[PDB]
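As structure tokens, one chain now follows by itself in the form deposited in one PDB entry.
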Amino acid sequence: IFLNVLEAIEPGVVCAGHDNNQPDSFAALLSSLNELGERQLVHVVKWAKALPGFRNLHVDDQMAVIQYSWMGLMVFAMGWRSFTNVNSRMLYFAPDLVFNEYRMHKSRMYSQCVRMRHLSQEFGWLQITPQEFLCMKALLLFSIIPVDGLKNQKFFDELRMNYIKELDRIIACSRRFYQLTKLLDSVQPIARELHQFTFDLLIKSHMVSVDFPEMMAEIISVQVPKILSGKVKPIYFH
């Protein structure tokens, strides 16, 4: 039942709308990454709200958890796409936005990209199954919260525990749980580096000709700083 649901709600293909019939430029590549980020966020919201037990969360915490975990969720999924679509040879942000090393460099997000490429390879080296991937991604949604607590922390704690239990079941073991939780933990530092880069870019966006969609500008200026200033932190296993 649980896995039937995760498979059923898994987002389909999302395109960036990027113009690949034009020479690469920082401004065009980043505007497309931002646009793709917003397109994916729309799907992450619909995905999250259809997750088993998500409605158990207080209305106020439902949106907060999505916004705080959004980047990490995208990173994990992108890494899986890169692994399955091109065997980690390139970063598969979208069918129309595939990054080779030249683009990783041009984007000025090279360090972050190489770490995501490594994550992509991890899916292969650890022989992560599609089902482990699905359960792990759902768990990512409940892996970062405010130090001052959610409106109803207890309901969140219950749901997160339930998702960890589903992972236990998929695995069923100690050695595998160790590997998977280690992998999950590695996503956070990557999201953090992307958060910092996105924040800095938004602040100077008007100086580099980079367009930020309304919805993205809001999250990056209201939610992301809570994470960067230490008010909202990831829940690490290790």
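Residues carry their position along the shown sequence, with the first being 1.
One more form of this protein, deposited with a partner chain bound, exists but is not displayed; see below.
### Task
Have a look at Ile171, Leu201, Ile66, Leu51 for me and say which one sits with a heavy atom within 4.5 Å of the partner chain in the deposited bound form.
Exactly one listed residue reaches within 4.5 Å, namely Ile66.
### Contact at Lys154, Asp157 and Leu228 by the partner chain in the deposited bound form, all three, heavy atom at most 4.5 Å
So, no: the whole triplet misses the partner chain.
### Task
Indicate whether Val210 is a 4.5 Å heavy atom neighbour of the partner chain in the deposited bound form.
It does not: once the partner chain is placed as it appears in the deposited bound form, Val210 has no heavy atom within 4.5 Å of it.
### Query
Quick one: is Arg55 in contact with the partner chain in the deposited bound form, heavy atoms, 4.5 Å cut-off?
Yes.
### Message
Considering non-hydrogen atoms and a 4.5 Å limit, does the partner chain approach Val45 in the deposited bound form?
### Response
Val45 belongs to the contact set for the partner chain.
### Query
Hey, in the deposited bound form, is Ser186 touching the partner chain, heavy atoms inside 4.5 Å?
Residue-level check for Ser186: no, no contact with the partner chain.
### Query
In terms of non-hydrogen atoms within 4.5 angstroms, which of the given stretches 66 to 74, 189 to 197, 202 to 210, 25 to 33 touches the partner chain in the deposited bound form?
It is the stretch 66 to 74.
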